[PDB]
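Notes follow the structure.
All residue numbers in this chain count up from 1 along the given sequence. Hydrogens, waters and symmetry mates play no part in the numbers below; they use all other heavy atoms, side chains included. We count ligands from 1, going down the list as the structure has it; atoms in each ligand are counted the same way.
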Amino acid sequence: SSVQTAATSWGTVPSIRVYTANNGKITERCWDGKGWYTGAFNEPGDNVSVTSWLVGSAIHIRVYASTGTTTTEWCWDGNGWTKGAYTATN
Ligand SMILES: Cc1c(C)c2c3c4c1OP(=O)(O)Oc1c(C)c(C)c5c(c1C4)Cc1c(c(c(C)c(C)c1OP(=O)(O)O5)OP(=O)(O)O2)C3
Ligand SMILES: Cc1c(C)c2c3c4c1OP(=O)(O)Oc1c(C)c(C)c5c(c1C4)Cc1c(c(c(C)c(C)c1OP(=O)(O)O5)OP(=O)(O)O2)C3
Ligand SMILES: OC[C@@]1(O)OC[C@@H](O)[C@@H](O)[C@@H]1O
Ligand SMILES: OC[C@@]1(O)OC[C@@H](O)[C@@H](O)[C@@H]1O
Ligand SMILES: [Cl-]
Ligand SMILES: [Cl-]
């Protein structure tokens, strides 16, 4: 089987974030113009999607991590990954 990725970007540098679901776990790689480095995101999941938006120059990232029929939303708003309110009845 294959790892599964999701990607987002912002600005004109740009910043890029790539999330990889590998063998039950999601991790994050980061580009800020000067080489790829490892991000702070680490959460369980077999499937991942992502979206992001800016308020001014402040990025807001939402990562949707799924295992079985449960999807958990993880939020980056400048100061730590927090659990979002997203729910669904799958
Ligand atoms: C994310 C994901 C996991 C965690 C899976 C599987 C798949 C999977 O989806 P994805 O990778 O998108 O799609 C596949 C792709 C692209 C290929 C080429 C596959 C398989 C899948 C399906 C089938 C498959 C699966 C296996 C194992 C051990 C093998 C050998 C295995 O045959 P393989 O010769 O790789 O063929 O179980 P595994 O615990 O990895 O479960 C089942
Ligand atoms: C428990 C279980 C069930 C009930 C599955 C599948 C898997 C599965 O997990 P597991 O067997 O541990 O991991 C896999 C391994 C080790 C290999 C080598 C696999 C697959 C899986 C994934 C992918 C796969 C699946 C298929 C079918 C018909 C094929 C041909 C098929 O490609 P196959 O050449 O076997 O590759 O559907 P199936 O109804 O069997 O659903 C999907
Ligand atoms: O500069 C890297 C970082 O802080 O960027 C914002 C988010 O992508 C974080 O997970 C990541 O560690
Ligand atoms: O500030 C976090 C939050 O309110 O952001 C907007 C949505 O992503 C919500 O699910 C999430 O709880
Ligand atoms: Cl690099
Ligand atoms: Cl964090």
### Message
Could you check whether atom 7 (C) of ligand 1 has a protein contact, counting only heavy atoms that fall below 4.0 angstrom?
### Response
yes
### Task
Find out if a path of hydrophobic residues (ILVMFWY) with successive side-chain heavy-atom gaps under 4.5 Å connects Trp10 to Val55.
no
#### Entry: Any non-hydrogen protein atom less than 4.0 Å away from atom 40 (O) of ligand 1
yes
### Side-chain donor-acceptor contact under 3.5 Å, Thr27 with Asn42
no
### Task
Please check atom 27 (C) of ligand 1 for a protein heavy-atom neighbour under 4.0 Å.
no
### Query
With a 3.5 Å cut-off and no angle check, do the side chains of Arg17 and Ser9 form a donor-acceptor pair?
no
### Task
For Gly84 and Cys75, work out which heavy atoms get closest and say how close.
CA-SG, 3.5 Å
### Message
Closer than 4.0 Å to some heavy atom of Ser2 - which atoms of ligand 1 meet that?
### Response
11 (O)
### Task
Measure from atom 30 (C) of ligand 1 to the protein's non-hydrogen atoms and state whether any distance is below 4.0 Å.
no
### Query
Where does the angle between the aromatic ring planes of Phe41 and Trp81 fall among parallel (under 30°), tilted (30 to 60°) and perpendicular (over 60°)?
perpendicular
### Task
Answer with yes or no whether the hydrophobic clustering places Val50 together with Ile16; edges join I, L, V, M, F, W, Y residues whose side-chain heavy atoms lie under 4.5 Å apart.
no
### Task
Specify whether the nearest protein heavy atom to atom 34 (O) of ligand 1 is under 4.0 angstrom away.
no
### Task
Among all protein heavy atoms, pick out the one at the shortest distance from atom 32 (O) of ligand 1; state its residue, atom name and that distance to 0.1 Å.
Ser1 N, 4.5 Å
